[PDB]
Amino acid sequence: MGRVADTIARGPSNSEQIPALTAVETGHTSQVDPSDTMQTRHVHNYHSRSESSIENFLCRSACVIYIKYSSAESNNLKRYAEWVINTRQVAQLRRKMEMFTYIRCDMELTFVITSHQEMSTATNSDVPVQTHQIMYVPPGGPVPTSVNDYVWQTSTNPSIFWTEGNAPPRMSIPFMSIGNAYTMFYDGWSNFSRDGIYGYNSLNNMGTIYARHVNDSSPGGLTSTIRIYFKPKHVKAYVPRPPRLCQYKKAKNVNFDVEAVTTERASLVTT
Amino acid sequence: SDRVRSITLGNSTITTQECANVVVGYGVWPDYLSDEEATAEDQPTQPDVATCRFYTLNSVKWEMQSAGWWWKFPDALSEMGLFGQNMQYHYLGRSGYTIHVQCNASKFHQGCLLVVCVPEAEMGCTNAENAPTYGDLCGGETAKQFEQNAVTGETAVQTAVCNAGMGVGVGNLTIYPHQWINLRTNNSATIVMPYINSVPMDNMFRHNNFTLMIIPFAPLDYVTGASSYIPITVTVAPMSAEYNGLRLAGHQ
Amino acid sequence: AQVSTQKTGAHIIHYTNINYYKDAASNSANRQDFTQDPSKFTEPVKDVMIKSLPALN
Amino acid sequence: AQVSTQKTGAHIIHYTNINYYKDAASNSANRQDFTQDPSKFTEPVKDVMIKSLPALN
Amino acid sequence: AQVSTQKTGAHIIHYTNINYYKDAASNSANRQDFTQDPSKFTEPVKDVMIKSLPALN
Amino acid sequence: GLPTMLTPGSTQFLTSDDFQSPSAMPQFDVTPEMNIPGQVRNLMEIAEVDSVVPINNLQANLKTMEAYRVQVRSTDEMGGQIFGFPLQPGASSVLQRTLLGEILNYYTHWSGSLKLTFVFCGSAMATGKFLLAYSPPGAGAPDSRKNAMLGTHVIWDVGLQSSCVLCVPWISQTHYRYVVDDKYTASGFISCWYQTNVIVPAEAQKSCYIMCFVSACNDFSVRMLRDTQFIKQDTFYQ
Amino acid sequence: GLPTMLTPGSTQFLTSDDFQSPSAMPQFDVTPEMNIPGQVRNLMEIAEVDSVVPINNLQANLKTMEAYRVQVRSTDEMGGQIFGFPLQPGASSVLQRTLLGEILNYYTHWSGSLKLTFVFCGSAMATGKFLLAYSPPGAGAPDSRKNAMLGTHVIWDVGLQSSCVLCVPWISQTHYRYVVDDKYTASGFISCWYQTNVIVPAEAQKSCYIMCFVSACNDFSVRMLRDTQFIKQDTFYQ
Amino acid sequence: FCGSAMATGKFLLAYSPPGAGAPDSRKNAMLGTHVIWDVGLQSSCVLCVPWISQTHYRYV
């Protein structure tokens with residue numbers, strides 16, 4: 001297992017060994033212990049670095065979008081979802097994955113689907129329990145264009161059917177990428193002319209998740225909302241990066257606005 | 001002593017007499033692609049000593065108001081030697097490097113630089129609705145330079161050091177392979193990068209593996225009457241270059 | 001069934017895990033791997049620097 | 001599986017317990033430990049006092 | 001119980017399957033059979049054709 | 001079937017769980033691994049790396065490069081205190097936006113020694129000594145060099161070696177200190193003073209600079225995740 | 001009973017699952033098997049079979065038999081380029097309605113070498129040579145025979161053997177290329193040129209025909225199903 | 001180098017085999033064999049020209 005290094009005792013010294021002096025004119029950072037600048041005592045130290053792994057750091061579920069869709073078209077919600085998969089909508093899950101240049105992992109998608117009735121003029125409203133379909137179209141497939149069409153037959157597309165009141169539905173998505181790891185920062189362009197889309201959005205192409213109410217519309221109608229949650233598993237993350245300092249602007253770019261390094265102080269010397 | 005090094009690659013050699021070690025980026029020394037990590041099913045040309053050898057990029061003047069410089073690779077070697085003539089006849093390529101920044105100064109000069117190789121440095125843009133045009137990322141052998149204060153253009157790269165043109169704290173560029181050229185100790189920095197990418201080889205023109213950045217962290221300062229021009233010269237030598245998937249000239 | 005030690009706290013302690021699915025991407029996440037190697041972000045230098053010696057001779 | 005005796009009443013009697021979780025704080029509570037030591041709230045004195053002797057000689 | 005290897009990905013990995021029903025048409029689908037024989041749609045010829053020789057002598 | 005019952009919490013979704021769940025593409029052949037350099041396996045392989053510390057964060061230095069360097073200079077008296085800030089990484093303004101402050105602000109506990117490595121960016125004919133110091137809490141910051149040297153301290157002498165490491169010790173009445181500022185578990189003060197003076201010849205500058213780096217030691221650890229509060233949004237980015 | 005709880009996703013119906021389910025006729029005696037010839041066990045026993053390629057699909061040839069043959073003929077100059085199309089099966093107009101295009105349009109990934117086998121349908125006194133070629137992406141299609149021979153190429157000589165196989169190699173920076181047209185993972189270009197000329201005696205025709213076949217090699221594989229988009233309906237057929 | 005002991009500089013020494021004339025820029029001069037001399041405590045640096053000829057002897 002993993003545990004912190006023990007502190008080891010030393011007496012006073014008065015030798016020609018200098019641990020304290022170093023030159024940080026090299027990438028080599030100092031390796032000094034607190035057993036090299038003062039005497040210390042033997043402390044058998046039982047602390048574990050067990051929550052600072054990259055499979056405890058990244059391995060908690062986090063929301064990545066919500067899509068709303070309606071059974072009567074409440075106010076520009078259509079009757080089906082649609083959402084081109086990326087991790088860039090949020091600033092939570094996104095930030096932790098932009099702290100590494102490359103990550104390979106196996107997600108678990110968990111959906112949390114809830115509904116609420118609309119304002120409507122319908123009276124004597126009783127609806128049976130809703131069933132929702134969540135279909136995943138890998139890129140280049142056919143895309144639905146209406147609530148009912150042939151695309152929702154799910155002839156080979158992965159699809160989840162779920163009825164309200166049951167536990168949130170989840171599934172695992174294996175590591176699926178052209179690369180040998182997902183790329184979180186791409187410095188290239190789509191074209192060889194250095195034209196078109198620039199950045200990580202060039203490589204992003206993970207398909208689209210649609211969803212709809214299976215049930216034919218009731219008179220009152222409802223508005224459902226689906227919240228997608230990704231939880232990495234089996235994570236190997238290569239090449240670390242300084243975490244973001246700036247608020248994001250866009251989900252396809254890194255554009256940023258210039259921001260302060262740190263919060264103010266009164267002066268150099270502050271208690 | 002430990003202040004003296006010599007590096008010989010190809011028919012070039014570069015020597016130093018004030019030096020602090022060599023930083024091997026991520027502790028992997030560059031070497032040819034294995035047959036267990038291959039993916040391209042044709043013989044790779046490996047020119048060897050015709051492409052692995054020090055090339056010298058244009059020198060930049062370190063002024064007392066300079067805010068830094070950057071060169072994207074391998075777009076700064078696109079015109080250099082026979083390295084640049086094997087990116088134009090191949091769809092693929094991979095190659096480590098051994099960037100060597102050098103910048104001598106007297107013992108009455110003072111100043112500090114951070115020489116850092118940033119894999120996959122993706123630059124911002126002044127307008128947040130646009131992504132920067134090609135000419136504003138790369139200058140070829142000529143460095144594009146940071147500005148002290150935030151700039152406003154349209155397709156211009158957002159250049160302010162304090163964000164490093166990436167929106168990350170500039171002091172936190174240190175997990176990336178780096179050395180410091182501080183003018184009271186060393187006067188050279190050597191960073192041996194391996195090939196770092198998520199695919200085994202990738203098209204040289206389209207994609208930029210890493211971006212060198214040289215950022216003054218303490219301004220050049222001297223008492224007047226001393227030398228007023230001190231240049232920073234960056235040489236870089238490909239290591240274990242191999243290219244594959246030969247096709248016609250160009251990059252159209 | 002695989003029988004593995006739990007996270008125990010310092011001064012029984014086993015758990016049984018059976019994998020039920022045919023894909024290895026359906027297995028529960030690893031969290032028992034605590035392996036490290038700091039010395040390649042921390043000491044990336046080509047030539048070893050000994051702590052007790054001056055860095056620049 | 002750990003097989004342990006149930007609470008039996010005075011004049012089978014086994015139960016099987018399997019721990020399913022990876023933390024030892026998820027285990028069901030102990031209730032089978034009946035250990036005691038009264039003599040440190042009850043007889044905290046430095047020098048032993050024998051019952052049959054007078055306390056103060 | 002039948003213990004069989006999972007689909008593993010390239011560079012534990014077992015799963016247990018028990019059949020609970022009395023019909024063999026209730027068993028979960030095969031997906032571990034990757035057997036092939038291309039040479040009867042691909043090379044249906046009566047007399048063997050060797051690749052390196054011309055087809056028509 | 002097998003007669004079973006459902007214990008409390010059984011249709012819940014807990015974000016910190018790990019359970020098995022059926023694959024959405026059965027028999028998917030994942031792309032082979034390759035050795036991409038620099039695999040991270042723990043975040044004490046990022047928090048043990050030096051990071052420049054903005055010890056001159058005033059209010060006009062925050063968007064410049066002046067943040068990261070504090071001017072030390074020849075004086076005609078003795079010179080006072082170059083800088084000083086309360087230690088408490090991830091809640092001190094100075095230390096919370098470095099790599100031992102944006103990797104501690106995903107945690108709410110931290111422990112073990114850290115170390116500060118100073119570097120002198122003066123001329124090669126400039127020389128001086130400085131008394132680096134750390135005073136455990138319970139007296140406030142030292143207000144004179146006399147009180148500052150009663151704490152743990154390291155006299156740095158600027159020579160060929162350009163850097164000297166004040167390695168703060170642990171010293172706490174708890175095994176972990178909160179990342180957030182809490183008066184219960186205050187973490188003491190760092191202060192730096194002129195041991196002597198910066199003495200430099202006529203034909204070289206009288207102003208130099210000291211920069212500070214921060215990294216954790218090999219006895220450092222953290223516990224218990226929380227989301228960072230340095231990032232925010234009003235709506236989805238699109 | 002046995003105290004159990006229900007993990008997330010447990011009343012779901014997933015179309016790609018396989019679970020056991022009780023038979024609807026217990027103890028049903030299925031009809032015996034017999035060996036019916038030509039059992040298919042894999043769809044790389046259908047995708048490794050030659051299929052005529054409509055390389056002369058213009059706009060008036062689509063409902064005739066003229067689609068499948070391109071006219072090659074004696075010329076009095078040198079002759080240009082007989083045909084050329086971007087390679088990218090299952091998304092190229094040329095290759096997507098063959099047997100390596102309607103068995104790739106049930107998948108979204110493909111890999112490995114394929115091969116094109118040409119056949120000359122001229123007279124037995126006609127003869128000629130042709131330079132078949134494949135140019136990896138990153139330069140567009142070759143625009144002259146000079147640029148076309150820098151790519152991989154096979155000079156076909158029409159003799160007693162009537163067919164010659166340009167076996168395109170793999171060559172990709174990914175282990176799989178998308179079936180659908182994607183600019184990221186372009187698959188290069190096929191082009192065919194007159195190496196010499198079709199030379200034929202007086203009393204035989206000056207027009208011949210070349211037909212193209214397409215089949216996958218034995219290193220070819222696909223992943224990840226999706227429904228084909230070449231079939232559609234508005235309502236149930238009845 | 002016969003400068004002062006506080007003077008310092010680097011120089012690119014070079015040799016270019018015939019068939020192109022003398023180099024006319026430092027860019028072309030470093031394509032030939034070359035040695036970057038750095039003036040330090042060691043005061044001298046040796047550009048050792050190689051042989052390189054299509055004959056075993058060259059006329060004086």
# chains A, B, ... in the order shown; residues from 1 in each chain; ligands from 1

call {"tool": "calpha_fit_and_write", "arguments": {"fixed": "chain D", "moving": "chain E", "output": "CSV table (one decimal) with N, CA, C and O atoms, in the first residue's frame"}}
result
chain,number,residue,atom,x,y,z
E,1,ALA,N,-17.0,-15.9,4.9
E,1,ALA,CA,-18.1,-15.7,5.8
E,1,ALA,C,-17.6,-16.1,7.2
E,1,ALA,O,-16.8,-17.0,7.4
E,2,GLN,N,-18.1,-15.3,8.2
E,2,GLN,CA,-17.8,-15.4,9.6
E,2,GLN,C,-19.0,-15.9,10.2
E,2,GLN,O,-20.1,-15.5,9.9
E,3,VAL,N,-18.9,-16.9,11.1
E,3,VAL,CA,-20.0,-17.7,11.6
E,3,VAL,C,-19.8,-17.5,13.1
E,3,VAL,O,-18.7,-17.6,13.6
E,4,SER,N,-20.8,-17.0,13.8
E,4,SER,CA,-20.7,-16.5,15.2
E,4,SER,C,-21.9,-17.0,15.9
E,4,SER,O,-22.9,-17.4,15.3
E,5,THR,N,-21.9,-17.0,17.2
E,5,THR,CA,-23.0,-17.5,18.0
E,5,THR,C,-24.0,-16.4,18.3
E,5,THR,O,-23.6,-15.2,18.4
E,6,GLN,N,-25.3,-16.7,18.3
E,6,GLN,CA,-26.3,-15.8,18.6
E,6,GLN,C,-26.5,-15.7,20.1
E,6,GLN,O,-25.8,-16.3,20.9
E,7,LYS,N,-27.4,-14.8,20.5
E,7,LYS,CA,-27.8,-14.5,21.8
E,7,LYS,C,-28.9,-15.4,22.2
E,7,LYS,O,-30.0,-15.4,21.7
E,8,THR,N,-28.5,-16.3,23.1
E,8,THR,CA,-29.2,-17.5,23.4
E,8,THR,C,-29.7,-17.5,24.8
E,8,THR,O,-29.0,-17.0,25.7
E,9,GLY,N,-30.9,-17.9,25.1
E,9,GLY,CA,-31.6,-17.9,26.3
E,9,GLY,C,-32.4,-19.1,26.5
E,9,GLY,O,-31.9,-20.2,26.3
E,10,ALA,N,-29.6,-19.8,28.2
E,10,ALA,CA,-29.7,-19.6,29.7
E,10,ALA,C,-29.9,-21.0,30.3
E,10,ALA,O,-29.1,-21.5,31.0
E,11,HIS,N,-31.1,-21.6,30.0
E,11,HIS,CA,-31.1,-23.1,30.1
E,11,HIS,C,-31.9,-23.6,28.9
E,11,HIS,O,-32.1,-24.9,28.8
E,12,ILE,N,-30.5,-24.4,15.1
E,12,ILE,CA,-29.1,-24.2,15.7
E,12,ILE,C,-29.0,-22.8,16.3
E,12,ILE,O,-30.0,-22.1,16.3
E,13,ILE,N,-27.8,-22.4,16.7
E,13,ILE,CA,-27.6,-21.2,17.4
E,13,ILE,C,-26.3,-20.7,16.8
E,13,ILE,O,-25.3,-20.4,17.5
E,14,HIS,N,-26.3,-20.4,15.5
E,14,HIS,CA,-25.2,-19.8,14.8
E,14,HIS,C,-25.8,-18.9,13.8
E,14,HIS,O,-27.0,-19.0,13.6
E,15,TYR,N,-25.0,-17.9,13.3
E,15,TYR,CA,-25.5,-17.0,12.3
E,15,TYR,C,-24.3,-16.7,11.5
E,15,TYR,O,-23.2,-16.8,12.0
E,16,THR,N,-24.5,-16.4,10.2
E,16,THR,CA,-23.4,-16.2,9.3
E,16,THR,C,-23.5,-14.7,9.0
E,16,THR,O,-24.6,-14.2,8.8
E,17,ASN,N,-22.3,-14.1,8.9
E,17,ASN,CA,-22.2,-12.7,8.6
E,17,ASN,C,-21.1,-12.6,7.5
E,17,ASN,O,-20.1,-13.2,7.7
E,18,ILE,N,-21.4,-11.9,6.5
E,18,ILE,CA,-20.5,-11.6,5.4
E,18,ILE,C,-20.4,-10.1,5.3
E,18,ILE,O,-21.5,-9.5,5.3
E,19,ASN,N,-19.2,-9.5,5.2
E,19,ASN,CA,-19.1,-8.1,5.0
E,19,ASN,C,-19.0,-7.8,3.5
E,19,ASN,O,-18.2,-8.5,2.8
E,20,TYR,N,-19.8,-6.9,3.0
E,20,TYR,CA,-20.0,-6.7,1.6
E,20,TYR,C,-19.3,-5.5,1.1
E,20,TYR,O,-19.1,-5.3,-0.1
E,21,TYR,N,-18.8,-4.6,2.0
E,21,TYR,CA,-18.3,-3.3,1.7
E,21,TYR,C,-16.8,-3.2,1.9
E,21,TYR,O,-16.2,-4.1,2.5
E,22,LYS,N,-16.2,-2.2,1.4
E,22,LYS,CA,-14.7,-2.1,1.4
E,22,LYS,C,-14.2,-1.3,2.5
E,22,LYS,O,-13.0,-1.1,2.7
E,23,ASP,N,-15.2,-0.7,3.3
E,23,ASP,CA,-14.8,0.1,4.5
E,23,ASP,C,-15.3,-0.7,5.7
E,23,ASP,O,-16.2,-1.5,5.6
E,24,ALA,N,-14.6,-0.5,6.8
E,24,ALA,CA,-14.8,-1.3,8.0
E,24,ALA,C,-15.7,-0.4,8.9
E,24,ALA,O,-16.0,-0.9,10.0
E,25,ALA,N,-16.2,0.7,8.4
E,25,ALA,CA,-17.1,1.6,9.1
E,25,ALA,C,-18.5,1.3,8.6
E,25,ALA,O,-19.4,1.9,9.0
E,26,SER,N,-18.6,0.3,7.6
E,26,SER,CA,-19.9,0.0,7.1
E,26,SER,C,-20.3,-1.3,7.7
E,26,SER,O,-21.5,-1.7,7.4
E,27,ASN,N,-19.5,-2.0,8.5
E,27,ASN,CA,-19.8,-3.2,9.2
E,27,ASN,C,-20.9,-2.9,10.2
E,27,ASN,O,-20.9,-1.9,10.8
E,28,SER,N,-21.8,-3.9,10.4
E,28,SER,CA,-22.8,-3.9,11.4
E,28,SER,C,-22.2,-3.8,12.8
E,28,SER,O,-21.1,-4.3,13.0
E,29,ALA,N,-22.8,-3.1,13.7
E,29,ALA,CA,-22.3,-2.8,15.1
E,29,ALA,C,-22.0,-4.0,15.9
E,29,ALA,O,-22.7,-5.1,15.7
E,30,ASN,N,-20.9,-4.0,16.7
E,30,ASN,CA,-20.6,-5.0,17.7
E,30,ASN,C,-21.6,-4.9,18.7
E,30,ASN,O,-22.1,-3.9,19.1
E,31,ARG,N,-22.0,-6.1,19.3
E,31,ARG,CA,-23.0,-6.2,20.3
E,31,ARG,C,-22.7,-7.5,21.1
E,31,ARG,O,-23.4,-7.9,21.9
E,32,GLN,N,-21.5,-8.1,20.7
E,32,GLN,CA,-21.2,-9.4,21.3
E,32,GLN,C,-20.0,-9.2,22.2
E,32,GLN,O,-19.6,-10.2,22.8
E,33,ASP,N,-19.5,-8.0,22.4
E,33,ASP,CA,-18.4,-7.7,23.3
E,33,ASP,C,-19.0,-7.3,24.6
E,33,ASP,O,-19.8,-6.3,24.7
E,34,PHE,N,-18.7,-8.1,25.6
E,34,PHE,CA,-19.3,-7.9,26.9
E,34,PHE,C,-18.2,-7.8,27.9
E,34,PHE,O,-18.4,-7.9,29.1
E,35,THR,N,-17.0,-7.4,27.5
E,35,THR,CA,-15.8,-7.2,28.3
E,35,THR,C,-16.0,-6.1,29.3
E,35,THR,O,-16.8,-5.2,29.0
E,36,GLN,N,-15.4,-6.2,30.5
E,36,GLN,CA,-15.6,-5.2,31.5
E,36,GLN,C,-14.3,-5.0,32.2
E,36,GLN,O,-13.4,-5.8,32.0
E,37,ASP,N,-14.2,-4.0,33.1
E,37,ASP,CA,-13.1,-3.9,34.0
E,37,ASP,C,-13.6,-2.8,35.0
E,37,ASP,O,-13.4,-1.6,34.8
E,38,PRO,N,-14.3,-3.2,36.0
E,38,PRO,CA,-14.9,-2.2,36.9
E,38,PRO,C,-13.9,-1.5,37.8
E,38,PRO,O,-14.1,-0.4,38.2
E,39,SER,N,-12.8,-2.2,38.1
E,39,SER,CA,-11.8,-1.8,39.1
E,39,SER,C,-10.9,-0.8,38.5
E,39,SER,O,-9.7,-1.0,38.3
E,40,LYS,N,-11.4,0.5,38.3
E,40,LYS,CA,-10.6,1.6,38.1
E,40,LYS,C,-11.5,2.8,38.2
E,40,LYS,O,-11.1,3.9,38.2
E,41,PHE,N,-12.8,2.6,38.4
E,41,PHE,CA,-13.8,3.6,38.9
E,41,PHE,C,-14.2,3.2,40.2
E,41,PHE,O,-14.8,4.0,41.0
E,42,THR,N,-14.0,1.9,40.6
E,42,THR,CA,-14.6,1.2,41.7
E,42,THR,C,-13.5,1.1,42.7
E,42,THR,O,-13.8,1.2,43.9
E,43,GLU,N,-12.3,0.8,42.3
E,43,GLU,CA,-11.1,0.6,43.2
E,43,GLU,C,-10.0,1.3,42.7
E,43,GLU,O,-9.0,0.7,42.3
E,44,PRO,N,-9.9,2.6,42.5
E,44,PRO,CA,-8.8,3.3,41.9
E,44,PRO,C,-7.6,3.5,42.7
E,44,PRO,O,-6.6,4.0,42.2
E,45,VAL,N,-7.6,3.0,44.0
E,45,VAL,CA,-6.5,3.2,44.9
E,45,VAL,C,-5.2,2.6,44.5
E,45,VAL,O,-5.2,1.6,43.8
E,46,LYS,N,-4.1,3.3,44.9
E,46,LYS,CA,-2.7,2.9,44.6
E,46,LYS,C,-2.3,1.7,45.2
E,46,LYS,O,-1.7,0.8,44.6
E,47,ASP,N,-2.7,1.5,46.5
E,47,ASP,CA,-2.3,0.3,47.3
E,47,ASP,C,-3.5,-0.5,47.4
E,47,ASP,O,-4.6,0.1,47.7
E,48,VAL,N,-3.4,-1.8,47.2
E,48,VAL,CA,-4.5,-2.7,47.3
E,48,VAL,C,-5.2,-2.7,48.6
E,48,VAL,O,-4.4,-2.7,49.6
E,49,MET,N,-6.5,-2.7,48.7
E,49,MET,CA,-7.2,-2.8,49.9
E,49,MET,C,-7.9,-4.1,49.9
E,49,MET,O,-8.6,-4.4,48.9
E,50,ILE,N,-7.6,-5.0,50.9
E,50,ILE,CA,-8.1,-6.3,51.0
E,50,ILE,C,-9.4,-6.1,51.8
E,50,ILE,O,-9.4,-5.3,52.7
E,51,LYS,N,-10.5,-6.8,51.3
E,51,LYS,CA,-11.8,-6.6,51.8
E,51,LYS,C,-12.0,-6.9,53.3
E,51,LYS,O,-12.6,-6.2,54.0
E,52,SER,N,-11.3,-8.0,53.7
E,52,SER,CA,-11.5,-8.6,55.0
E,52,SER,C,-10.7,-7.8,56.1
E,52,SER,O,-11.0,-8.0,57.3
E,53,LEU,N,-9.7,-7.0,55.7
E,53,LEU,CA,-8.9,-6.2,56.6
E,53,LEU,C,-9.6,-4.9,56.8
E,53,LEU,O,-10.3,-4.5,55.9
E,54,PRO,N,-9.4,-4.1,57.9
E,54,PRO,CA,-9.8,-2.8,58.0
E,54,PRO,C,-9.1,-1.9,56.9
E,54,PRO,O,-7.9,-2.2,56.7
E,55,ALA,N,-9.8,-0.9,56.3
E,55,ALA,CA,-9.2,0.0,55.3
E,55,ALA,C,-8.1,0.8,55.9
E,55,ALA,O,-7.1,1.0,55.2
E,56,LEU,N,-8.3,1.3,57.1
E,56,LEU,CA,-7.3,2.2,57.7
E,56,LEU,C,-6.7,1.5,58.9
E,56,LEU,O,-7.4,1.3,59.9
E,57,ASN,N,-5.4,1.1,58.8
E,57,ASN,CA,-4.8,0.4,59.9
E,57,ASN,C,-4.2,1.4,60.8
E,57,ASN,O,-3.3,2.2,60.4

call {"tool": "interface_residues", "arguments": {"of": "chain B", "to": "chain G", "cutoff": "8 Å", "atoms": "only C-alpha atoms", "output": "ChimeraX atom specification"}}
result
/B:39-42,91-92,199-202,245-252

call {"tool": "residues_around", "arguments": {"residues": "residue 221 in chain G", "least_positions_apart": "5", "cutoff": "8 Å", "atoms": "only C-alpha atoms", "output": "NGL selection string"}}
result
:G and (44 or 110-112)

call {"tool": "write_last_selection", "arguments": {"atoms": "N, CA and C atoms", "output": "compact mmCIF listing (two decimals), in the first residue's frame"}}
result
# COMPACT_ATOMS: atom_id res chain seq x y z
N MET G 44 -17.24 -11.26 -42.19
CA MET G 44 -16.01 -11.09 -42.92
C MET G 44 -15.83 -12.35 -43.71
N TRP G 110 -13.96 0.77 -38.99
CA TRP G 110 -13.48 -0.23 -39.90
C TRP G 110 -12.00 -0.08 -39.87
N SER G 111 -11.25 -1.12 -40.26
CA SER G 111 -9.82 -1.05 -40.28
C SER G 111 -9.34 -2.09 -41.22
N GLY G 112 -8.02 -2.06 -41.50
CA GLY G 112 -7.34 -3.05 -42.29
C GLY G 112 -7.42 -2.74 -43.74

call {"tool": "select_by_dssp", "arguments": {"residues": "range 13-213 of chain A", "states": "helix (DSSP H, G or I)", "output": "PyMOL selection string"}}
result
chain A and resi 54-57+93-97+150-153+200-202

call {"tool": "write_last_selection", "arguments": {"atoms": "N, CA, C and O atoms", "output": "short mmCIF file (atom, residue, chain, number, x, y, z; two decimals), in the first residue's frame"}}
result
data_model
loop_
_atom_site.label_atom_id
_atom_site.label_comp_id
_atom_site.auth_asym_id
_atom_site.auth_seq_id
_atom_site.Cartn_x
_atom_site.Cartn_y
_atom_site.Cartn_z
N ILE A 54 -5.71 9.00 -8.65
CA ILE A 54 -6.45 9.58 -9.74
C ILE A 54 -7.70 8.77 -9.97
O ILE A 54 -8.52 9.14 -10.81
N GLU A 55 -7.90 7.69 -9.20
CA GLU A 55 -9.10 6.89 -9.24
C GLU A 55 -9.83 7.06 -7.94
O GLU A 55 -10.63 6.21 -7.55
N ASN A 56 -9.59 8.18 -7.25
CA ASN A 56 -10.43 8.60 -6.17
C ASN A 56 -10.69 10.03 -6.43
O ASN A 56 -11.75 10.53 -6.06
N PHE A 57 -9.75 10.72 -7.10
CA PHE A 57 -9.91 12.09 -7.50
C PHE A 57 -11.00 12.27 -8.52
O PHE A 57 -11.83 13.16 -8.39
N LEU A 93 -16.68 19.23 -13.67
CA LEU A 93 -16.13 18.04 -14.25
C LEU A 93 -15.07 18.39 -15.25
O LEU A 93 -14.05 17.72 -15.34
N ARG A 94 -15.30 19.49 -16.01
CA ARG A 94 -14.39 20.01 -17.00
C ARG A 94 -13.06 20.40 -16.45
O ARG A 94 -12.04 20.08 -17.05
N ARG A 95 -13.03 21.11 -15.30
CA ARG A 95 -11.82 21.61 -14.71
C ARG A 95 -10.89 20.53 -14.25
O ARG A 95 -9.68 20.64 -14.40
N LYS A 96 -11.46 19.43 -13.71
CA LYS A 96 -10.70 18.32 -13.19
C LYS A 96 -10.11 17.49 -14.30
O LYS A 96 -9.13 16.78 -14.07
N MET A 97 -10.66 17.57 -15.52
CA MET A 97 -10.16 16.83 -16.65
C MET A 97 -9.30 17.69 -17.53
O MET A 97 -8.68 17.18 -18.45
N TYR A 150 -38.70 6.52 -37.64
CA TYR A 150 -38.13 5.20 -37.75
C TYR A 150 -36.84 5.09 -36.97
O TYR A 150 -36.35 3.99 -36.75
N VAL A 151 -36.24 6.23 -36.57
CA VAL A 151 -34.92 6.25 -35.98
C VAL A 151 -34.97 5.74 -34.57
O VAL A 151 -33.98 5.23 -34.06
N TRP A 152 -36.16 5.80 -33.92
CA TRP A 152 -36.31 5.44 -32.53
C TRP A 152 -36.66 3.99 -32.41
O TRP A 152 -37.00 3.52 -31.33
N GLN A 153 -36.55 3.20 -33.51
CA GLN A 153 -36.74 1.78 -33.47
C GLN A 153 -35.59 1.11 -32.77
O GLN A 153 -35.74 0.00 -32.29
N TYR A 200 -9.47 21.59 -29.20
CA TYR A 200 -9.85 20.24 -28.86
C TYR A 200 -11.14 19.83 -29.51
O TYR A 200 -11.46 18.65 -29.54
N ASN A 201 -11.91 20.81 -30.04
CA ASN A 201 -13.21 20.59 -30.60
C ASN A 201 -13.11 19.92 -31.95
O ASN A 201 -14.07 19.32 -32.42
N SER A 202 -11.92 19.98 -32.58
CA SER A 202 -11.61 19.28 -33.81
C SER A 202 -11.71 17.79 -33.64
O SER A 202 -12.29 17.11 -34.48
#

call {"tool": "interface_residues", "arguments": {"of": "chain G", "to": "chain F", "cutoff": "8 Å", "atoms": "only C-alpha atoms", "output": "list in words"}}
result
residues 1, 2, 3, 4, 5, 6, 7, 8, 9, 16, 17, 175, 223 and 224 of chain G

call {"tool": "select_by_dssp", "arguments": {"residues": "range 22-194 of chain F", "states": "strand (DSSP E or B)", "output": "JSON, numbers by chain"}}
result
{"F": [23, 39, 40, 42, 51, 52, 53, 70, 71, 72, 73, 81, 82, 83, 84, 85, 86, 107, 108, 109, 110, 111, 114, 115, 116, 117, 118, 119, 120, 127, 129, 130, 131, 132, 133, 134, 135, 152, 153, 154, 155, 156, 157, 163, 164, 165, 166, 167, 177, 189, 190, 191, 192, 193, 194]}

call {"tool": "residues_around", "arguments": {"residues": "range 124-135 of chain A", "least_positions_apart": "4", "cutoff": "10 Å", "atoms": "only C-alpha atoms", "output": "number ranges by chain"}}
result
A: 80-82, 111, 113-115, 117, 151-154, 157-165, 208-222, 224, 226; G: 12-13

call {"tool": "atom_distance", "arguments": {"atom1": "CA of residue 215 in chain F", "atom2": "CA of residue 116 in chain F"}}
result
6.6 Å
